[PDB]
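K.L.:
so I've got this experimental structure, pasted below with the sequence.
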Amino acid sequence: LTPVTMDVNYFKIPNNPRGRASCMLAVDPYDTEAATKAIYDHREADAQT
Amino acid sequence: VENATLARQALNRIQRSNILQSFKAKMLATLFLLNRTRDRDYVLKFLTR
Amino acid sequence: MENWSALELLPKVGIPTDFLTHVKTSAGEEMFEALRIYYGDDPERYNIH
Amino acid sequence: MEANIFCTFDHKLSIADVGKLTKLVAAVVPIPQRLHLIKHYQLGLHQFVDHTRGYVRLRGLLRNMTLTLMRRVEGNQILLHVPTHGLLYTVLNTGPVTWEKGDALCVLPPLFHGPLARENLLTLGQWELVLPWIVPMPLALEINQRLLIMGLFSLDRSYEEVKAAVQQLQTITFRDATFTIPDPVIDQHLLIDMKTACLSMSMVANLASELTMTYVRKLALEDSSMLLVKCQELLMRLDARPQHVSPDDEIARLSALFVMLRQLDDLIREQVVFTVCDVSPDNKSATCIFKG
Amino acid sequence: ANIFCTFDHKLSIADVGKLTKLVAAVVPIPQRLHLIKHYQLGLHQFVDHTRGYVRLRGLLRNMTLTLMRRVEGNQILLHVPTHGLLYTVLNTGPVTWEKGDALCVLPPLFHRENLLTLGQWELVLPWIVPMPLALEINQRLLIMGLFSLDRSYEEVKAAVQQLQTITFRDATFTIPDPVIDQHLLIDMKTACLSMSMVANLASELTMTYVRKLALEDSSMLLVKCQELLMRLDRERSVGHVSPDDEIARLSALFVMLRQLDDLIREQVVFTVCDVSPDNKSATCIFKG
Amino acid sequence: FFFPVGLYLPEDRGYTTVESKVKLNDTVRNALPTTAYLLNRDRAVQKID
Amino acid sequence: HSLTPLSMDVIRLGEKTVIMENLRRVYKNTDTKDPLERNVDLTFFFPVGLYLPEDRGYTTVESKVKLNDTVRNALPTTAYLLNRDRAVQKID
Amino acid sequence: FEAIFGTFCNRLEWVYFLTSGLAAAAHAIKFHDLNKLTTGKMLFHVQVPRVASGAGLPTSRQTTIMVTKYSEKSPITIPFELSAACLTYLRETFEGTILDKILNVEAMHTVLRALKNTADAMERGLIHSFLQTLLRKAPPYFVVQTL
Amino acid sequence: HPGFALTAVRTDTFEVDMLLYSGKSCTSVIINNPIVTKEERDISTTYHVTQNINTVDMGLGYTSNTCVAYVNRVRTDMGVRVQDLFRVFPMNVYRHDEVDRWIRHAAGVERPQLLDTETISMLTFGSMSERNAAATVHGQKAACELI
Amino acid sequence: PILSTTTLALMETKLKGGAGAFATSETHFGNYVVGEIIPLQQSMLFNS
Amino acid sequence: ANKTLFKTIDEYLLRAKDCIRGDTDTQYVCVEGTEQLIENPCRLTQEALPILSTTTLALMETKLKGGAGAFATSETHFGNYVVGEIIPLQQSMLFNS
């Protein structure tokens, strides 16, 4: 499911379908805290947007 | 091989971010090589690379 | 456990070893399964028991 | 007297343990006696480490203990070397604490860390060469300050409040590491330290210059800044010319106040043992000058 | 343990003479590499119009100290003094020395003849003064920091005038103010407010912690502490807390103590033993 | 692959760039889509609403 | 006053000949960066909220786009940019 | 049993200054007693080309202006290290058995390798410093083509 | 529309490699034989080697030209993330504490909750105020400043 | 992303277009086209 | 910095450069002498370059549809505009893939 207001431009380029990017080659290696903050914590901004 | 000469240490966040960008672009550029292009010069360059 | 002292003391084959990336870059990013690095002259190799 | 110390083992040694010994060269180990020849039982901190007697007791024992560097170790002969003041030495760090150029080093009992192993290295059946942590000044004085604050706060409080207080207080992060104090216990040692701290704070409250009590408030009337917002926020929970002024009185009062502060200060300060000027790019060893 | 230093600028005959005339002075360098540039030589790399005198003391505490005695060709030879050895040192401050005294290093407060200037970079050396003079100077500057916040009423200006002049053996020094354009520079304000808040916070916390310690082995010291606290409260007054708030106050007091550690513990750098009409120079044993 | 169905675009910032290439009659069924059209592995046209 | 014959590549152009040298062979597997791989900074500036005079208002695009007759389109309250990768990037 | 199929070493390439093409931009001179100097002076006779002018137009009188250039210094530094055991087995040779000779030759070879590596480091540092000075002297394309 | 216009300025950093031409014998280098300096310690000894090479420029006008040859990557993200002035000017506060807290709550900037040596050092002089990003997919965050 | 449209009109326009028409992701008032990145259905599966 | 042409240009070669540490995810000032300084032609020119920007998604979409150099034109609508990229930078970098 997806909110009615989701940005159409999100679908015009290859993006993560879950709405938040977790291309974990960018996150620091072996840093579980940083990886979980990147994937879930919404008090910090997304990546690639 | 293209990013070979920049990193002389464990990759900085910016360096591996550039590596990830190159990964994605080069993956999408050549995913099905012979189907999309059939120039003799281009295929020769791809093979020599 | 590997005994690097035996490797350093014994006569070695001279190969023109070279690769696309950097020695420290591949070492830090774990291309090699087991590795030992020191940053100077190390007296540990000299003693034999 | 002795520039050389010879330690010998009662046990037969395996070549794996000999390799570990020859790897541990240039590390720091503590000695109780500063003597010519000692058995291997009285080497290291496994002798003293009863976790029931908490971190304060072990810190007090270790700061009286003397230090030595490791050397020409071979089969059943260790040959430790005691460094003298002022010379340049090579010392290998063993804790996970990152060393950066220019920092002064302090000796403390080892703390806990994330990988939860504690690595029961060098177990000779029962004896186990537990080796201390060599820590730069900010983190070590942070340990001391947090222990003193722990003792000062914890008195006359229930375990429920103290649970959250220690869960926030016991955990320290320094250069993005994660450490926690092993054993906070209220011994007579910490109680006497708190007695000294309370007397010092009372004296600084008593003899302090009369204007230094109100300088903060005059500045708050003068200024409005984030630093000063926090300063006022601290004092807020209990919230023109001076009719006289005499420089000699202020000089004497501030000299006394500095004496009292220096009395209170070294309850947290640790006598520096090493000052670094070198670093291996792998943080595994550094060159240092010794302080005694 | 020797260090070579090279000038990027262009030297000259009288320039070299001025450089060499400080034959055995002490120069502080940031970190001891074998080869360094002239920009690192001296305090010129640290000073600015916004900081104030206090920082130079704290940065001098962690900056490595070094003795200089040669002028080679395009580079200068430096030697790091080691503990327990004796060395020949110059007298560079406004003071005169005497045998057996201890020496401290201070930022220079008064000055032209020292000025080896090359491209508006200046060889500003620190001060070598005996420990009592260092303590007196630091205490008077810190006091004059307090008098700056009022500074309007006539008796305060008279007091500030009196602090500015300090008399030592066979000399009198015109110590400058720590404030310019009636503004107090930032580290001076920070240390002054930290000391004042340390005193103020201790005044509040002492009662609660003397009560909490009294439930332990009650003694005469705590009784006298309580009596002094009531006396202080009576004199001041005529003019269940959350654990985290209490811990915040305690940690704030302790960290405010830490910021003031630089100036209280005046460290010794040398001890003198030679008497001279040659007073320009003296021989010293090194401490550190 | 990922694709949306049934998104609503902002009416306040609505726009078109194809008025010179296509035209539809005024009908709310056209204005508010409830369907997405797609291709097969063949070039057939497919429906999913 | 003595010379040693060594071989390199030479380019010929404009009646002068120039030696070609790739210094990559010197800086391999070492800590120090090759100085010939330089970084370059360029400064970019762009407006947002900029009002256009309506007495001299004009269009040169009417055949390509048309907009809903809304007040939000009349006032350019937001701007759009491209990222390091070619996607739109909205600023407000 | 376990198997060890070989021990390998890196026969790293050597680099020299006057063997490279970069030396063509340079003009190399050796001067052992540089450390006695605190100045470098170079005098040029850059004679000016000029054109005979008309009746009485103002034109230059002068020939052979004598501008002087000063030397810019750029020392290069690199450390190499030896351990106490290496010196013990190098100089205080033991008349003992074959293992002592093994350690002797190992110390001799490590000193040889350290010296050769330091020499190659000096060569590469000279190249690096010269290229740094060239870069700091050379203006970009647009300005020079404008001039 | 607030009633005023904003014009942003941003810096983007590229990774480049350059081509430089140099003139034959454009500058002359004067070198001495390398000099060694010893520094002896207990476990290991270190030898410092230095060479006082200096250069004399022998060019009337510029003799070397640099070109910005080929670029392949942009280090920055070319983003629109504006500059956080609350990080740049941390000392400032509104005169009224309620107003200050409400404004800092609306701007989404965290107020320091407790005193520590780090916050005092940052307020007085400065420090690494803005932490590393969580995932940093798009390179280096560009400082997009607003006037 | 894969070529899909909210109406058959834009599908007819895409079928009318020449080589490489699938990569453009134009929109209408309430209708839009999303474009594919790789020329999968343009030439990749058929090529003949 | 106002000096002779030769002096101002050789100063621009010498010191008129920026430095930014390439470690942090954001632009901090480099520590003196850490890594090579970054040269900046705009510092000598004292000009800022324009970057492709638009105030409506219609014109941005039109630029994306225009497959041959459309980024370089600065056409506009009623109160809506695009600012063309005067340097063909976006298509130059993306060529590398």
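P.N.:
Yes, it's here. Residues are numbered from 1 along each chain as shown, chains lettered A, B, ... in the order given.

K.L.:
near chain K, which residues of chain F show up?
P.N.:
Within chain F, the positions adjacent to chain K are F:13, F:15, F:16, F:17 by Cβ under 8 Å from any Cβ of the partner chain. Heads up, the C-betas are built off the backbone N, CA and C, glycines and all.

K.L.:
would you point out the most distant pair within the residues you listed?
P.N.:
Using Cβ to Cβ, the two most remote members of the residues of chain F next to chain K are F:13 and F:17, lying 13.5 Å apart.

K.L.:
helix or strand: which one has the closest residue to residue J:46 other than its chain neighbours?
P.N.:
Nearest non-adjacent residue to residue J:46, counting by Cβ to Cβ, 6 or more residues apart in numbering or on different chains: residue F:43, 7.9 Å away. Counting by DSSP states H and E, no helix or strand carries residue F:43.

K.L.:
okay, now the nearest residue to residue H:63 once chain neighbours are set aside: neighbour count?
P.N.:
Nearest non-adjacent residue to residue H:63, counting by Cβ to Cβ, 6+ apart: residue H:47, 5.8 Å away. Neighbourhood size, residue H:47 [other Cβ atoms under 10 Å in any protein chain shown]: 10.

K.L.:
now the residue in chain I that chain C sits nearest to: how far from residue C:42?
P.N.:
In chain I, the residue that lies nearest chain C is residue I:44 (5.7 Å; Cβ to the nearest Cβ). Noted for residue I:44: a distance of 9 Å to residue C:42, by Cβ to Cβ, to the nearest Å.

K.L.:
now swap in residue H:138 and tell me
P.N.:
In terms of Cβ to Cβ, residue H:138 sits 43 Å off from residue C:42.

K.L.:
cool, and residue H:18?
P.N.:
From residue H:18 across to residue C:42, the span is 35 Å (Cβ to Cβ).

K.L.:
in terms of neighbours, single out the busier of those two.
P.N.:
residue C:42 (19 against 13).

K.L.:
for residue I:15, identify the helix or strand it belongs to.
P.N.:
strand I:6-22.

K.L.:
wait, does that strand make contact with chain B?
P.N.:
Yes. Interface with chain B: strand I:6-22 contributes residue I:15 (Cβ under 8 Å from any Cβ).

K.L.:
and stretch A:13-22, by the same measure?
P.N.:
Yes. Judged by Cβ under 8 Å from any Cβ, stretch A:13-22 comes into contact with chain B at residue A:14.

K.L.:
end to end on that stretch, go ahead and measure it.
P.N.:
For stretch A:13-22, the first and last residues are 16 Å from each other (Cα to Cα, to the nearest Å).

K.L.:
same question for stretch B:30-43.
P.N.:
11 Å.

K.L.:
what's in contact with that stretch?
P.N.:
B:46, J:38, J:39, J:43, J:44, J:47 (Cβ atoms under 8 Å, 6 or more residues apart in numbering or on different chains).

K.L.:
kindly reformat those as JSON lines containing neighbour count, distance to chain C and secondary structure.
P.N.:
What follows is those, written out as JSON lines (neighbours: other Cβ atoms under 10 Å in any protein chain shown; distance: Cβ to the nearest Cβ, whole Å; DSSP: H, G, I helix; E, B strand; the rest coil):
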{"residue": "B:46", "neighbour count": "13", "distance to chain C": "17", "secondary structure": "helix"}
{"residue": "J:38", "neighbour count": "19", "distance to chain C": "27", "secondary structure": "coil"}
{"residue": "J:39", "neighbour count": "16", "distance to chain C": "31", "secondary structure": "coil"}
{"residue": "J:43", "neighbour count": "15", "distance to chain C": "33", "secondary structure": "helix"}
{"residue": "J:44", "neighbour count": "14", "distance to chain C": "31", "secondary structure": "helix"}
{"residue": "J:47", "neighbour count": "10", "distance to chain C": "33", "secondary structure": "coil"}
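
K.L.:
make TSV from those and add distance to residue H:54 to it.
P.N.:
Shown next, in TSV, are the contacts of stretch B:30-43 (distance: Cβ to Cβ, whole Å):
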residue	distance to residue H:54
B:46	67
J:38	74
J:39	72
J:43	74
J:44	77
J:47	78
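
K.L.:
out of those, who's nearest chain I?
P.N.:
Once Cβ to the nearest Cβ is applied, the member of the contacts of stretch B:30-43 that ends up nearest chain I is residue B:46, at 17.7 Å.

K.L.:
thinking again about what came up before, and the residue nearest to residue H:63, how far from chain B?
P.N.:
Distance of residue H:47 to chain B, computed by Cβ to the nearest Cβ, to the nearest Å: 46 Å.

K.L.:
wait, that residue touches residue H:64, no?
P.N.:
Yes. Counting by Cβ atoms under 8 Å, residue H:47 touches residue H:64, with 5.0 Å between them.

K.L.:
what's the helix or strand for residue D:147?
P.N.:
Going by DSSP H and E, residue D:147 is in helix D:137-154.

K.L.:
following element in sequence after that helix, please.
P.N.:
In N-to-C order, the element after helix D:137-154 by DSSP H and E is helix D:159-169.

K.L.:
the residue of chain A found nearest chain C: how many residues sit nearby?
P.N.:
Nearest to chain C in chain A, going by Cβ to the nearest Cβ, is residue A:29, at a distance of 8.3 Å. As a burial measure, residue A:29 scores 14 neighbours (other Cβ under 10 Å).

K.L.:
and what about it, helix, strand or coil?
P.N.:
coil (DSSP: H, G, I helix; E, B strand; the rest coil).

K.L.:
for it, give its distance to chain F.
P.N.:
For residue A:29 relative to chain F (Cβ to the nearest Cβ), the value is 28 Å.

K.L.:
show me where chain C has its helices.
P.N.:
C:4-9, C:23-28 (DSSP state H).

K.L.:
same check on chain F?
P.N.:
F:28-31.

K.L.:
and the strands in it?
P.N.:
With strands called from DSSP state E, chain F shows them at F:15-16, F:36-39, F:45-48.

K.L.:
tell me which residues touch residue D:222, please.
P.N.:
residue E:149.

K.L.:
can I get the helix or strand hosting residue D:204 as CSV, trimmed to CA atoms?
P.N.:
Element membership of residue D:204 [criterion: DSSP H and E] is helix D:188-207. Below are the C-alpha coordinates for helix D:188-207, written out as CSV (Å, rounded to 0.1, in the frame of the first residue of the first chain):
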residue,chain,number,x,y,z
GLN,D,188,35.6,3.8,52.7
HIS,D,189,38.1,5.0,50.1
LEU,D,190,35.5,6.8,48.0
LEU,D,191,33.8,7.9,51.2
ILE,D,192,37.0,9.7,52.3
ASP,D,193,37.4,11.1,48.8
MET,D,194,33.9,12.5,49.1
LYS,D,195,34.7,13.8,52.6
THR,D,196,37.6,15.8,51.0
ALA,D,197,35.4,17.0,48.2
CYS,D,198,32.7,18.2,50.6
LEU,D,199,35.2,20.0,52.8
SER,D,200,36.8,21.6,49.7
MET,D,201,33.4,22.7,48.3
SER,D,202,32.5,24.2,51.7
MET,D,203,35.8,26.1,51.9
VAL,D,204,35.3,27.5,48.4
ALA,D,205,31.8,28.5,49.4
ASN,D,206,33.1,30.2,52.5
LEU,D,207,36.3,32.1,51.5
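
K.L.:
so the next helix or strand after it versus helix E:186-214, what angle?
P.N.:
Going down the chain from helix D:188-207, the next helix or strand is helix D:210-222, by DSSP H and E. Computed by axes from the mean of the first three to the mean of the last three Cα atoms, to 10 degrees, the angle separating helix D:210-222 from helix E:186-214 equals 120 degrees.
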